[PDB]
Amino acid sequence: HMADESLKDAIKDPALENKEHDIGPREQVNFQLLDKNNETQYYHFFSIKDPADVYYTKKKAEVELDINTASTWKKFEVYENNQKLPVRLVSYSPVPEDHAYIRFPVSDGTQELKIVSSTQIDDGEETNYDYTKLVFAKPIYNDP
């Protein structure tokens, strides 16, 4: 139901058919998706769009993550210093594109953040990705 719990079922909501998610001042920030042994997390590297759009608000900057093949993505938990962040769906491009756009707030001076996630194709084998480190090109800072 939630973005963190299951993206498969999160994108079922037709209210986010092609909802707007490109309003307000944003920033382009590159990143790298590594794994437990500091090697390239390949599945994530192909799945997530680089760079990511960093939208500004009145409190904290919200990092948008464009995730492709959302129909197979299930778990997608994001943490900041081992503290779970509130992830949510802001929009979703339907098939054949199948891109899911999710946002979450990040505090000032943040750059590294781990991702606990998984994938599942329909009623089949669940592939767990217990650790994936996401390092931005620069530390994220929100404008006043």
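The first residue of the sequence shown is number 1, and the count goes up from there.
- Across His44, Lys58, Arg88, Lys75, the greatest Cα temperature factor reported in the deposited entry is at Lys58.
- The PDB entry assigns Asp66 a C-alpha temperature factor belonging to the lowest third of its chain's modelled residues.
- Split the chain's modelled residues into thirds by C-alpha temperature factor. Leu134 is in the lowest one.
- Among the modelled residues of its chain, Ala100 has a C-alpha B-factor that falls in the lowest third, as given in the PDB entry.
- Residue-level temperature factors show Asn18 in the highest third of its chain, judged at the C-alpha atom.
- The deposited CA B-factor of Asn82 belongs to the highest third of values across its chain.
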